[PDB]
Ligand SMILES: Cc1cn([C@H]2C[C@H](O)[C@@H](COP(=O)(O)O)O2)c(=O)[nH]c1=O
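This document opens with one chain alone, in C-alpha cells, the form deposited without thymidine-5'-phosphate (TMP).
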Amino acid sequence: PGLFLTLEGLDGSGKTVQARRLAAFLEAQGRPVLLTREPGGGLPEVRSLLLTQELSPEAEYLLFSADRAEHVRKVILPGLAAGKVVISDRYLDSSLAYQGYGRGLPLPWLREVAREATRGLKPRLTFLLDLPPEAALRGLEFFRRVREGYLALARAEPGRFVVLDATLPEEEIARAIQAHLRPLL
C-alpha cells in the first residue's frame, strides 16, 4: 500500500528542495521513499530534446505524455506496488498549467489523453508552491497564466491540493508539508 504525492509550481518555486526535504523527513521516520521527477522520469531523451527545441503546444504535450506514460509504468506504479511513498516533482498538473492554461490547449482533451497515459493514477495530495513569477528563484504574461492556472486547478480540487506560500522560508514550508501529511501515514 504505497502513497503517491506530487509537488507543483513554477520553476524556482522550491519544488526540488521541498521534495528533497520531504524525502529526508520520511527517511527519518523509517518509511521507504522514492523521489522522482518530470519531465524525463520516463523518457530522459524527451527532456534533452525539448531543452533546445520549441514545438507546437500539441506536440509538446504529446511528448510530455509519452514520457509520463513510461514514468507511470516503469517508475511510479512499481514503487507504489512495493509500498513506497513515491514523490514526484511535477506530474499531470504541470502539463495542464503549462500547455493548457499557459499555451492554450483545451483541458478536456488534455485529460482524455492523460486518462490512458497515466492509467488513471492520481496523487493523494499535491503541494502547490505558489508565488508570483517575479519571486521565482530560478515571457511574463505566460508565466502569470501558468501561475493562475495552477491556482485554478487547486480551487477545483480542494481535497487534493494544498497551496503554500512559496516565499516563506524553506524550513517553514517543510514543516507545513509535514503537518499536512502526518494524518495520511
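One-based numbering along the sequence shown.
Here the subject shifts to the form solved in complex with thymidine-5'-phosphate (TMP), a form of this protein not shown in this document.
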Inset, instruction - May I ask you to decide between open and blocked for this site, after superimposing the site C-alphas so that thymidine-5'-phosphate (TMP) adopts its pose in the deposited complex, counting ligand atoms within 2.4 Å of backbone or C-beta atoms with 3 as the threshold? - result: open
Inset, instruction - Using heavy atoms only and a 4.5 Å cut-off, determine which of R145, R47, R160, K122 is in contact with thymidine-5'-phosphate (TMP) in the deposited complex. - result: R47
Legend entry - Within 4.5 Å of thymidine-5'-phosphate (TMP) in the deposited complex, all of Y101, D130 and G149 (non-hydrogen atom): no
Legend entry - Contact segment among 113-121, 27-35, 62-70, 152-160, judged by heavy atoms lying within 4.5 Å of thymidine-5'-phosphate (TMP) in the deposited complex: 62-70
Legend entry - thymidine-5'-phosphate (TMP) contact at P39 in the deposited complex, heavy atom, 4.5 Å: yes
